[PDB]
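Asks: model this:
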Amino acid sequence: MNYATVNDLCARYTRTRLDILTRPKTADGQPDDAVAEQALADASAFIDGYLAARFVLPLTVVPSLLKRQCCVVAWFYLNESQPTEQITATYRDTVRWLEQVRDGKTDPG
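Replies: Numbering: from 1, shown residues only. Take a look:
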């Protein structure tokens, strides 16, 4: 329940690059921050599948580590029209990390 915001995404990737991703998904060709917010919500739902093995949800508080790891997944989601090896690799790293949190090998902060 969301672990990052559109502003967080902008801080990590820039609004320049976010807008480039959301522009082509619309009919009118303008940026659409609601598309990024949906990715962030979807990434948070995905993360909660792993967290729920060990933690009662919703959490208090969100470590800045989960914030980063929500932005990584959301960014992967937002690039699914033109994926890159680098973005895909960051995502797979974060999935492995989530599995480690689920399994008790590491902590979310």
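
Asks: Please count neighbours and contacts with C-alpha atoms only from this point.
Replies: Fine.

Asks: So which residue of the chain lies furthest out from the middle?
Replies: In the chain, the residue that sits farthest from the middle, by CA atoms, centre = their mean, is residue 28; the gap is 25.4 Å.

Asks: Look at that one and give its secondary structure.
Replies: Three-state call for residue 28 (DSSP: H, G, I helix; E, B strand; the rest coil): coil.

Asks: So it versus residue 77, what's the distance?
Replies: 21 Å (CA to CA, to the nearest Å).

Asks: Surely residue 19 touches residue 29?
Replies: No: the pair residue 19 / residue 29 is not scored as a contact, 10.1 Å apart, by CA atoms under 8 Å.

Asks: hang on, the earlier thing: what's near enough to touch the residue farthest from the centre of the chain?
Replies: For residue 28, the contact set (CA atoms under 8 Å, 6 or more residues apart in numbering) is empty.

Asks: ok, now residue 101?
Replies: 50, 51, 107, 108.

Asks: returning to that earlier point: out of residue 19 and residue 29, which sits in the more crowded spot?
Replies: The neighbour count for residue 19 versus residue 29, taken as other CA atoms under 10 Å, is higher for residue 19 (16 against 11).

Asks: nearest residue to the more buried one other than its sequence neighbours?
Replies: Leaving out its chain neighbours, the residue that sits closest to residue 19 by CA to CA, 6 or more residues apart in numbering is residue 31, at 5.0 Å.

Asks: What is the neighbour count of the one you found?
Replies: 18.

Asks: before we move on, what SS does it have?
Replies: Secondary structure, three-state DSSP: residue 31 is coil.

Asks: Just the buried ones from the contacts of residue 101, in ChimeraX syntax?
Replies: Burial among the contacts of residue 101 is assessed by 16 or more other CA atoms under 10 Å; the matching ChimeraX selection reads:
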select :50,51,108
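
Asks: got the contacts of residue 101 as a markdown table, with secondary structure and distance to residue 13 columns?
Replies: Formatted as a markdown table, these follow (DSSP: H, G, I helix; E, B strand; the rest coil; distance: CA to CA, whole Å):
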| residue | secondary structure | distance to residue 13 |
| --- | --- | --- |
| 50 | helix | 25 |
| 51 | helix | 25 |
| 107 | coil | 25 |
| 108 | coil | 22 |
